[PDB]
Trainee: 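Mind looking over this structure? Questions follow.
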Amino acid sequence: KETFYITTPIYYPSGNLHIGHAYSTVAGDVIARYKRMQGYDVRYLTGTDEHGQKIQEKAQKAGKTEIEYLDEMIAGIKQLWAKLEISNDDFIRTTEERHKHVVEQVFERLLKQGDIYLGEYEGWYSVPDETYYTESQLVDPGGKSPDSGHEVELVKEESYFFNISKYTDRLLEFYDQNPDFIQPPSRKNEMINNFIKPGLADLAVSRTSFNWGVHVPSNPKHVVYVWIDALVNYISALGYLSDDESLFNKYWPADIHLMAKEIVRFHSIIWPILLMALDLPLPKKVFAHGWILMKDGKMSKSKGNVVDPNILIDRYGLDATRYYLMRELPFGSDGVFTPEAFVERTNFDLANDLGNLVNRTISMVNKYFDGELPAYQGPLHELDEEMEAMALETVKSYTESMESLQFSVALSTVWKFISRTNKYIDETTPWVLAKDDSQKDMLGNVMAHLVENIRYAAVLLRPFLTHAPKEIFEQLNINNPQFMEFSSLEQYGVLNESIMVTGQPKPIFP
Ligand SMILES: Nc1ncnc2c1ncn2[C@@H]1O[C@H](COP(=O)(O)OP(=O)(O)OP(=O)(O)O)[C@@H](O)[C@H]1O
């Protein structure tokens with residue numbers, strides 16, 4: 001079987017994870033499940049970026065040691081992914097020796113090759129802006145930020161520097177060979193002012209001002225700078241430079257690195273250059289989504305302008321939480337959270353459109369045939385040929401949207417099919433057919449189309465929702481695992497033996 005490897009970013013446990021982090025991890029989970037259903041050998045990784053001054057500060061901020069603070073935070077994150085039913089195959093932590101050893105190895109290798117050299121970084125850090133500046137960029141100079149008005153802090157410390165400019169021609173050559181590397185196309189607007197043409201400055205890849213992180217074996221006063229440390233997670237979790245590299249050679253290069261837009265530059269410039277320096281294959285694709293916003297900007301874990309996903313899961317359930325994120329907030333833009341939109345998505349799309357349809361269909365199969373669904377014969381009603389064609393086009397359109405990670409467009413397309421199946425009841429009028437004994441076949445045909453239409457939706461929603469499709473298969477009494485796969489949607493009319501549906505149809509209530 002063909003392999004597929006997808007990653008989220010390793011999240012910085014500086015606070016509790018909000019719904020933006022949930023979107024990222026659910027989005028990657030949707031693809032993982034989707035790819036497993038297509039017949040790929042999938043590995044899906046997530047994790048925690050546990051080193052840095054920022055973690056060292058947040059442990060200070062919560063008046064506590066480094067490793068005690070983290071253990072408590074990592075427990076909460078694993079509990080969240082458990083509650084979200086994320087099908088991640090592994091959880092990488094940068095504090096683990098399996099990661100650390102590889103970072104140490106990589107860093108000493110770059111040292112041996114001459115790629116890195118000892119020096120001093122001198123610059124101007126704006127405390128509010130969280131961005132470094134040169135002295136010429138300062139306003140009223142020891143000066144003000146050009147972006148804001150806050151005066152800057154002078155930062156001088158020993159640092160290793162990585163000669164990245166020599167990989168410029170190979171990087172530009174890689175972009176030419178892989179013009180669709182960054183998806184969606186709007187996200188390579190993050191590559192504006194990239195400095196590749198005029199010349200990339202040597203990157204400061206270690207700190208001496210703090211001591212929390214991966215220490216450089218040659219010079220332990222230095223700690224490896226957080227971004228090269230963090231990016232190693234994608235290859236270290238597969239056992240790169242360990243005594244078993246079987247996962248690395250099976251899954252690398254990664255098919256998708258998933259993220260939000262603000263780390264496209266890091267994943268598109270620094271990460272391929274690092275891989276080039278190790279003579280490793282480059283990632284296939286970078287998929288970057290937008291931000292969930294509030295009323296004071298992007299949802300931020302250090303700021304606290306957040307919605308806790310535990311609140312949404314506890315109150316409304318898992319399916320409503322997962323559906324809302326994927327449907328309401330498109331991959332290719334930013335989006336505002338509101339409690340209004342959440343209940344509308346929950347009640348109108350899930351409980352009504354899908355939930356009514358299932359209840360209506362089972363109620364009529366119980367009423368007219370005593371639960372005994374007649375087998376699919378063919379498109380016997382005059383509308384069936386178009387509707388069966390629509391079902392096939394729904395799967396094809398769904399596929400196109402899913403391959404480009406347009407999750408809201410895929411779900412929107414699925415919901416047009418669900419709505420049309422509700423309208424199919426209205427315009428066929430089974431209750432009227434049921435009065436005439438001579439129309440029993442047509443009535444059977446109509447019920448058969450309703451059940452098959454529902455099965456199409458349920459299969460397509462398996463990557464998105466973990467409970468409701470399973471609940472739908474149980475009530476309709478589709479036990480065969482074959483009828484739950486994508487391949488069974490390739491031709492309409494799967495159920496050609498009669499089926500007994502449930503006698504006590506409960507609400508699906510997704
Ligand atoms: N508002 C958001 N919308 C979507 N994704 C988000 C959001 N915030 C964080 N993420 C996800 O987390 C990744 C960034 O992880 P990070 O660890 O920095 O959390 P943070 O909230 O961005 O940081 P900070 O702690 O500085 O606010 C993004 O690339 C994205 O995957």
Side-chain angles (χ1 to χ4, degrees), residues 6-31 44-52 55-59 61-62 69-70 73-74 76-77 80-81 84 86 88 91-95 126-131 182-184 186-187 190 226-227 229-231 233-234 256-265 267-268 270-271 286-294 296-309 312 321-322 324-338 405 407-408:
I6 174 155
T7 69
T8 71
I10 52 161
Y11 308 113
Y12 206 81
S14 42
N16 289 305
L17 271 53
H18 56 64
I19 58 159
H21 302 111
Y23 180 93
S24 297
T25 309
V26 172
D29 183 56
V30 169
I31 295 301
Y44 176 38
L45 182 69
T46 191
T48 37
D49 189 352
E50 295 182 28
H51 297 144
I55 282 299
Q56 201 195 254
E57 282 168 6
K58 278 288 191 322
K61 194 211 181 192
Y69 171 83
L70 290 164
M73 290 311 223
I74 272 68
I77 295 158
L80 182 59
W81 305 149
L84 288 164
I86 305 299
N88 65 104
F91 191 101
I92 189 66
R93 301 180 60 188
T94 58
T95 44
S126 177
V127 163
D129 293 300
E130 294 199 309
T131 43
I182 301 163
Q183 303 282 27
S186 63
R187 304 301 171 200
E190 301 295 337
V226 86
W227 273 97
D229 177 26
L231 288 166
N233 91 94
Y234 305 135
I256 300 182
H257 286 314
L258 195 144
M259 62 201 74
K261 68 201 179 176
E262 86 294 331
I263 62 180
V264 169
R265 289 172 77 92
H267 287 76
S268 306
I270 309 313
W271 180 228
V286 168
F287 273 88
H289 57 76
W291 293 334
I292 298 185
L293 298 347
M294 284 286 262
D296 50 339
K298 168 211 183 274
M299 200 160 282
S300 194
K301 136 177 63 63
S302 64
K303 187 169 155 71
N305 69 133
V306 293
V307 178
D308 179 24
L312 301 174
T321 302
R322 286 173 68 99
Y324 167 82
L325 294 158
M326 298 299 97
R327 181 60 183 87
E328 190 60 27
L329 304 160
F331 205 88
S333 66
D334 304 348
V336 190
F337 174 89
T338 59
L405 272 72
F407 299 112
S408 62

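Numbers for residues simply follow the sequence, beginning at 1. Order of listing sets the numbers, starting from 1, for every ligand and every atom in it. Only heavy atoms go into these numbers, but all of them, side chains included; no hydrogens, no water, no symmetry mates.
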Trainee: Report yes if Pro9 has an N/O atom closer than 3.5 Å to an N/O atom of ligand 1; otherwise report no.
Mentor: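 Among all N and O atoms of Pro9, none is under 3.5 Å from an N or O of ligand 1.
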
Trainee: Please verify the inter-ring angle class for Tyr234 with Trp271; under 30° counts as parallel, over 60° as perpendicular, anything in between as tilted.
Mentor: perpendicular

Trainee: About how many Å separate CG of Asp334 and CD1 of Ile292, when rounded to the nearest 0.5 Å?
Mentor: 10.0 Å

Trainee: Does any N or O atom in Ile292 lie less than 3.5 angstrom from one in ligand 1, N or O only?
Mentor: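 N/O-N/O distance below 3.5 Å exists for this pair.
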
Trainee: Just which atoms of ligand 1 are under 4.0 Å from any heavy atom in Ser24?
Mentor: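 Answer for ligand 1: 5 (N), 11 (C), 30 (C), 31 (O).
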
Trainee: Relative to atom 12 (O) of ligand 1, which among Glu130, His21, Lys261 owns the nearest non-hydrogen atom?
Mentor: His21

Trainee: Numbering the atoms of ligand 1 from 1, which are under 4.0 Å from a heavy atom of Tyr12?
Mentor: 17 (O)

Trainee: Using a plain distance cutoff, I'd like to know if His289 has any nitrogen or oxygen under 3.5 Å from a nitrogen or oxygen of ligand 1.
Mentor: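 No; every N/O pair is 3.5 Å or more apart.
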
Trainee: Using modelled atom types only, decide if a donor and an acceptor are shared between the side chain of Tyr69 and the backbone of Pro13 within a distance under 3.5 Å.
Mentor: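 Indeed, once roles are kept as given, a pair shorter than 3.5 Å links the two residues.
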
Trainee: Hey, what do you get for CG (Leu45) to CG (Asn233), rounding to the nearest 0.5 Å?
Mentor: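 Spacing of CG (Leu45) from CG (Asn233) equals 6.0 Å.
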
Trainee: Got a sec, which residues hit salt bridge (charged side-chain N to carboxylate O under 4.0 Å, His left out) with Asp229, two or more places apart in sequence or on another chain?
Mentor: none

Trainee: Which pair of non-hydrogen atoms, one from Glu190 and one from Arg265, has the smallest distance, and what is that distance?
Mentor: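 Minimum heavy-atom contact is O-NH1, 3.0 Å.
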
Trainee: Decide whether the shortest distance between a heavy atom of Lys303 and an atom of ligand 1 is less than 4.0 Å.
Mentor: no

Trainee: Using a strict 4.0 Å cut-off to heavy atoms of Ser14, name the atoms of ligand 1 that fall inside it.
Mentor: 25 (O)

Trainee: Return a yes/no value for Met259: is any of its N or O atoms, backbone included, closer than 3.5 angstrom to an N or O of ligand 1?
Mentor: no

Trainee: Identify which of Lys301, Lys58, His267 has a heavy atom lying nearest to atom 21 (O) of ligand 1.
Mentor: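 When every heavy atom of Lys301, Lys58, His267 is considered, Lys301 comes closest to atom 21 (O) of ligand 1.
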
Trainee: Hey, what do you get for CG (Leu258) to CZ (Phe331), rounding to the nearest 0.5 Å?
Mentor: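 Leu258 CG to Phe331 CZ: 4.5 Å, rounded to 0.5 Å.
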
Trainee: Is there a heavy atom of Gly290 sitting under 4.0 angstrom from any atom of ligand 1?
Mentor: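 Yes; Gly290 lies near enough to ligand 1 that a heavy-atom distance drops under 4.0 Å.
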
Trainee: Do you know the tightest heavy-atom contact between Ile19 and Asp308?
Mentor: CG2-C, 4.4 Å

Trainee: Which is it for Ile263 and ligand 1 at heavy atoms under 4.0 Å: side chain, backbone, both or neither?
Mentor: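 The part of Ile263 near ligand 1 is the side chain, not the backbone.
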
Trainee: Short list, please: which atoms of ligand 1 are under 4.0 Å from a heavy atom of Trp291?
Mentor: 3 (N)

Trainee: Can you tell me how far apart NZ (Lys301) and CG (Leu17) are? Round to the nearest 0.5 Å.
Mentor: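 With rounding to 0.5 Å, NZ (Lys301) is 7.0 Å from CG (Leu17).
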
Trainee: Using heavy atoms and a 4.0 Å limit, tell me yes or no: is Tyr23 in contact with ligand 1?
Mentor: no

Trainee: I need the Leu312 CG to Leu84 CG distance, nearest 0.5 Å.
Mentor: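 These two atoms lie 10.0 Å from each other.
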
Trainee: Short list, please: which atoms of ligand 1 are under 4.0 Å from a heavy atom of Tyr11?
Mentor: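 Result: 12 (O), 15 (O), 17 (O), 31 (O).
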
Trainee: Any atoms of ligand 1 less than 4.0 Å from a non-hydrogen atom of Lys298? List them with their elements.
Mentor: 1 (N), 8 (N), 20 (P), 21 (O), 22 (O)

